[PDB]
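1. these chains are from a complex, not moved at all, and more is on the way:
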Amino acid sequence: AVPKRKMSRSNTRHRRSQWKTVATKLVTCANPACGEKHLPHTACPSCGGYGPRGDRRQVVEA
Amino acid sequence: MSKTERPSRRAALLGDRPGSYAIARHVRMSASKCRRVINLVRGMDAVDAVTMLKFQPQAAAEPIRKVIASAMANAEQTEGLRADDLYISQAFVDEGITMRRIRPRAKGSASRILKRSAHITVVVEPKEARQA
Amino acid sequence: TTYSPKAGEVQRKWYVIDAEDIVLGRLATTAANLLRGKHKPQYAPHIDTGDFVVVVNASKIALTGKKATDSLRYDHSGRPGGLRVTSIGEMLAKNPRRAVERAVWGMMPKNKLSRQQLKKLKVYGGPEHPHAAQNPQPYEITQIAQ
Amino acid sequence: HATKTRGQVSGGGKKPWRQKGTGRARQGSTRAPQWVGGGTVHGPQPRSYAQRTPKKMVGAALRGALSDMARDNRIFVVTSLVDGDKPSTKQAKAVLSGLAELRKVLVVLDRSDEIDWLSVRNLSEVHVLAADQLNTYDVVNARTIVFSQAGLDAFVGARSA
């Protein structure tokens, strides 16, 4: 099949506006010495650590 | 008739208000794909925006992040503002030069390919201007 | 320049009609006229200037001839074999409000404003209505000589 | 002035593509007039614009043009301009003494009236003519005519009843 007619501006924009992305949320690193933003349930790219203020196990050597 | 108060980007975007801006011209990516991230980053605090764009999965995040950082530096240098009290007042993506290329297809046909490009503009002002 | 009403300029009132032994056609024409406000010198087609109509005793609406069992009302769900039909007598017995609303809507223009105005018609099959707070005034269907 | 027609534009000999099957419009040559770079349909071609006006008409017109400012007193006659050797300063004076500066001079003497001719040649508000070339255009354009004595005599001798 082929598009019979050129789609109107209103309809094209109605469909196109739904092509979007949500913002990444980010969470503050539990390490007091780092305090950076990292993905939830993900090792902090700055400190390379994971876990609550206590645990704090190293995950990434960075 | 040409004369004084000649138009300028600063005059058009800020108009005697404090703040600065930055333009990335001829970004070798599509304007729509840049807008997909511009819409998210518009209106945010500048530091929050750049930290988020370090994690945004789209490829448009990197050029937009660099533009925001450049605008932040321009503001810090030319108006004494601090990076932590700036917010992205404006942000938009216009279309730049497009290159026509050829992709060969079946039965000897050639299909047009458009390599698009974008201009990214970000305007940062002190957060006190948000309620003004 | 001819006068034109301004939104809430015309004050809308509440009438109540006892459909006791009143022909469905006369009741529907009177209701449509009242709902659209055609009896007011301030009438305007584009601004709702009509009044609210509360119809009581809709289950005792009079029908002439053999209408009560031969005058049919049809609905279609939009799918094959989706027709239902019921006689106006059965509809007055079961859901008199639907019958009166169908008659009045048929007699009223086919408009978005007419759809809005049809909501002002409150039809009850019994002799009692719950709109005592709105204080409806009795309305008598009459004719003007010559 | 000239333009190239579709037959004179270079190339365009063959049919650009098949008549049918391509989905394109039927074309016969790439130099067809509706094509960019194609021939011009009805563009200019070299020609002459000369009109064969009757002798009586041309002469009479000349007579009327001369007569209008004869009645308006715009014809002066001088024995000559300049003496001995020839300057432009001298005649500029002779004519300014005559009147104004939108001038016609007649000196007729087609072979050796170099003194007057070369004197008045460079004024740029003087038009110099031989009496046998008065012509209506120049007479009408002139605000005054000054004849040399010989110029007027030769014009009258060339045409008189």
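-> Yep, that arrived. Numbering: from 1, shown residues only, chains lettered A, B, ... in the order given.

2. what number of residues lie near the closest residue to chain A within chain C?
-> When distances are taken as C-beta to the nearest C-beta, chain C approaches chain A most closely through residue C:112, which lies 20.5 Å from it. In this view, the C-beta of every residue, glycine as well, is placed from N, C-alpha and C. A count of nearby residues for residue C:112, using other C-beta atoms under 10 Å in any protein chain shown, gives 7.

3. what does it show for phi and psi?
-> Main-chain dihedrals, residue C:112, degrees, to the nearest 10: phi -60, psi -40.

4. distance check, it against chain B.
-> Taking C-beta to the nearest C-beta, to the nearest Å as the measure, residue C:112 and chain B are separated by 35 Å.

5. SS state for the residue nearest the centre of chain A?
-> With distances taken as C-alpha atoms, centre = their mean, the residue of chain A nearest its centroid is residue A:24 (2.5 Å). Applying DSSP: H, G, I helix; E, B strand; the rest coil to residue A:24 yields a three-state assignment of coil.

6. residue farthest from the centroid of chain D?
-> Within chain D, the residue lying farthest from the chain centre (C-alpha atoms, centre = their mean) is residue D:21, at 59.2 Å.

7. just the element for that residue, please.
-> Using DSSP states H and E, residue D:21 sits within no helix or strand.

8. about what we covered before: is the closest residue in space to the residue nearest to the centre of chain A that isn't next to it in sequence part of a helix or strand, or is it coil?
-> Sequence neighbours aside, residue B:55 is the residue nearest to residue A:24 in space, at 4.6 Å (criterion: C-beta to C-beta, 6 or more residues apart in numbering or on different chains). Using three-state DSSP, the secondary structure recorded for residue B:55 is coil.

9. got a list of what the residue farthest from the centre of chain D touches?
-> When contacts are counted by C-beta atoms under 8 Å, 6 or more residues apart in numbering or on different chains, residue D:21 is found next to no other residue.

10. before we move on, what about residue D:44?
-> Taking C-beta under 8 Å, 6+ apart as the test, what residue D:44 contacts is D:1, D:2, D:3.

11. please tell me how far residue C:50 sits from residue A:14.
-> 37 Å (C-beta to C-beta, to the nearest Å).

12. so which residues of the chain form helices?
-> In the absence of a named chain, chain A is used. Counting by DSSP state H, chain A has helices at residues A:9-16.

13. nope, chain C please
-> Assigned by DSSP H, chain C shows helices spanning C:24-36, C:67-70, C:88-94, C:96-107, C:112-118.

14. go ahead and add chain E:
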Amino acid sequence: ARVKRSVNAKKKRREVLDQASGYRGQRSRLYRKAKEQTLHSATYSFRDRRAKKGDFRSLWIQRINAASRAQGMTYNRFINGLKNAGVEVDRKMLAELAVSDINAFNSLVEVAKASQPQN
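-> With chain E now in place:
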């Protein structure tokens, strides 16, 4: 003397695009599409400037009918009564009286009632 068309051509295009400066979609952006709607717009405006007489007369007649029926008199009898009484106040002034000066309209209704043939 080759002549370039653009300077003369753009004038009608600017005129039409200005005339079509509230239209939806291509009808306000594209000259050819705006031109088609301006033909329809002109036809509709000419037709409606003549239908406006009837529309406003109908509105006046409806308002007069309502106001006179409030006095127990139909519009036809009211107009016949005014015609017989010889009062040539027209549908327009009568409607304005009905909306604004209801007492004067009611006095006219009484005049029409008295001037009725009563037959």
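
15. now the closest residue to chain B within chain C, nearest residue through space, not along the chain?
-> Using C-beta to the nearest C-beta, residue C:7 is the residue of chain C that sits closest to chain B, at 34.1 Å. Across the structure, with C-beta to C-beta, 6+ apart as the measure, the residue nearest residue C:7 apart from its sequence neighbours is residue C:47 (7.0 Å).

16. now do the contacts for the spatially closest residue to residue B:79 that is not a sequence neighbour.
-> Take residue B:79 and drop its neighbours on the chain: the residue closest to it by C-beta to C-beta, 6+ apart is residue B:18, 5.3 Å away. With contact set as C-beta under 8 Å, 6+ apart, residue B:18 has these partners: B:79, B:81, B:125, B:126, B:129.

17. around chain C, pick out the residues from chain E.
-> Contacts of chain E with chain C, taken as C-beta under 8 Å from any C-beta of the partner chain, map to E:56, E:59-60, E:62-63, E:66-67, E:69-70, E:72-74, E:77, E:92, E:95-96, E:98-100, E:102, E:105.

18. what about the residues you listed, which are in helices?
-> E:56, E:59-60, E:62-63, E:66-67, E:69, E:77, E:95-96, E:98-99, E:102, E:105.

19. please pick the buried ones from the residues you listed.
-> Buried by 16 or more other C-beta atoms under 10 Å in any protein chain shown: E:59-60, E:62-63, E:66-67, E:69, E:77, E:95-96, E:98-99, E:105, out of those.

20. ok, residue D:62 to residue D:70 distance?
-> Applying C-beta to C-beta, the value for residue D:62 to residue D:70 is 12 Å.

21. which one's more surrounded, those two?
-> residue D:62 (18 against 12).

22. so what's the more buried one up against?
-> Contact analysis of residue D:62 by C-beta under 8 Å, 6+ apart lists D:134, D:135, D:136, D:139.

23. in three-state terms, label it for me.
-> If you use three-state DSSP, then residue D:62 falls in the helix class.

24. chain center to stretch D:124-134: distance?
-> Relative to its chain's centre, stretch D:124-134 lies at 12 Å (C-alpha atoms, centre = their mean, to the nearest Å).

25. ugh, wrong one, I meant stretch D:92-105
-> Between the mean C-alpha location of stretch D:92-105 and the chain-wide mean there is a distance of 23 Å, by C-alpha atoms, centre = their mean.

26. append RNA strand F to the structure above:
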RNA sequence: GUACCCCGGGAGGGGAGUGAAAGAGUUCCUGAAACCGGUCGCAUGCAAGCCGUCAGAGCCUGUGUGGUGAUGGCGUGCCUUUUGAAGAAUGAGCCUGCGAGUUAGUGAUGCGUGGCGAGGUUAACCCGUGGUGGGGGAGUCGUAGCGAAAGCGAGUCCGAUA
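-> Below is RNA strand F, added to the chains above:
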């Protein structure tokens, strides 16, 4: 042909300089339309819309006119081709540019207009190296028609000087 400084790996931009002008920065004069966006005003999630038009509230603005437009009426595109097309007949995705009644003949035939007028007019060519002016009447049309023609002539031809 943008020293130097700042963000940037760069690209690019921000300051600053050059210049009358840099939103003339080399993709460089002017910089239109389609097309793509940011911002602001109004409308819009009970509605059936050839998209307009007439009536018309509200809001915004008042740069006191403009923007928007709830709601009511009326209302089936453009072109081509057709007895007849909104047509489910043809062509057109869109804008910008381009794209079709021209020119040549001392052609044919009208008309308008100008000149001359029982006359009108030159062609080639010659002179004017100074042109658009002058010459050139060879020709050509008008000046008598009728007849196949000899011929005759306000007549002629058919005919018998009918």
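
27. who's in contact with the residue nearest to the centre of chain A?
-> By C-beta under 8 Å, 6+ apart, the contact list for residue A:24 reads A:39, B:52, B:55, B:56, B:57.

28. what's it sitting at in phi/psi?
-> When read as degrees, to the nearest 10, the backbone of residue A:24 gives phi -70, psi 140.

29. what number of residues lie near residue D:61?
-> Counted with other C-beta under 10 Å, the neighbours of residue D:61 add up to 16.

30. try residue A:51
-> 13.

31. again, but for residue E:7
-> Per other C-beta under 10 Å, the neighbour tally for residue E:7 reads 8.

32. and it, what element?
-> Counting by DSSP H and E, residue E:7 is found in helix E:6-19.

33. check residue B:124 too.
-> Residue B:124 is part of strand B:118-126, with elements assigned from DSSP H and E.

34. for burial, what's the neighbour tally of residue C:113?
-> A total of 15 residues lie near residue C:113 under the criterion other C-beta under 10 Å.

35. ok, which stretches of chain C are strands?
-> If DSSP state E is used as the criterion, the strands of chain C fall at C:14-18, C:52-56, C:72-76, C:83-87, C:121-123, C:137-138.

36. who in chain A is up against chain C?
-> Residues of chain A found near chain C, taking C-beta under 8 Å from any C-beta as the criterion, are absent altogether.

37. for RNA strand F, what are the nearby residues on chain A?
-> Residues of chain A lying near RNA strand F by C-beta under 7 Å from any atom of the strand: A:6, A:9, A:13, A:16.

38. looking at neighbours, which among the residues you listed is most surrounded?
-> The member of the residues of chain A next to RNA strand F surrounded by the most neighbours (other C-beta under 10 Å) is residue A:9, with 12 neighbours in all.

39. contact partners for that residue?
-> The neighbours of residue A:9, taking C-beta under 8 Å, 6+ apart as the test, are residue E:25.

40. hang on, the earlier thing: what's the closest of the strands of chain C to residue D:98?
-> Comparing the strands of chain C by their distance to residue D:98 (C-beta to C-beta), the top pick is strand C:52-56, with 104.6 Å.

41. helices or strands next to that closest one in the packing?
-> When contacts are defined as 3 or more C-beta pairs under 8 Å, 6 or more residues apart in numbering or on different chains; DSSP states H and E, strand C:52-56 packs onto strand C:14-18, helix C:24-36, strand C:121-123.
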